[PDB]
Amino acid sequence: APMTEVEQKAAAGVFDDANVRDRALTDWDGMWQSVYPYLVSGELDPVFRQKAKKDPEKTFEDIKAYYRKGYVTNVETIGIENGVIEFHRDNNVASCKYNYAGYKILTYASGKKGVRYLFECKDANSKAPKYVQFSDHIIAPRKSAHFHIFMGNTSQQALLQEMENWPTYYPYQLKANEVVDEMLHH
């Protein structure tokens, strides 16, 4: 089902902490493609033009740069199923079964808020990131349409400080025109 008014607002970074609930990894089940190659090929340009158009203080170039830095990753593909996350990084592959480590409510410099969902790989000698945090503009159980994922090997606390890079994933099947469509409307 589509989004309630509380869900739309939470998605814009406006919510009561009392409404935030735990989510399960199954909210992100599925096969997913990085949006980064579409920024690279220039196919996300219409997204950045609309953002520039709607705010006279912004420029296309600086909006795109911000997204470039945000989206950049070589993990082109992520698969999620049965508690396992698979990471395809160029010709390298890696997977691990992930345990839930709770959620964190963040307030950003902008004054907007968001929730990250923290997972841990406890198989300490895997090539899969040890720490993973999902952020997808949702604050309570609901299947993701797309997500940002923070990946790190040092600590969860350290990853919570990451604000610049946020590799971003949409359903594997979607074409670039469909990714654009979702960005411009949802």
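Start at 1 and count along the sequence shown; that's the residue number.
Relative to its counterpart among 144-152 and 54-62, 54-62 has the higher mean temperature factor, C-alpha atoms as listed in the PDB entry. Here 111-119 and 97-105 are compared by their mean Cα B-factor, and 97-105 comes out higher. In the PDB entry, the Cα temperature factor peaks, among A176, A18, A12, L25, at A176. Of the candidates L159, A124, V35, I138, the deposited coordinates give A124 the top C-alpha B factor. Annotation for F48: CA B-factor lies in the highest third of the chain's modelled residues.
When the CA B factors of the chain's modelled residues are split into thirds, the value for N91 lands in the middle one.
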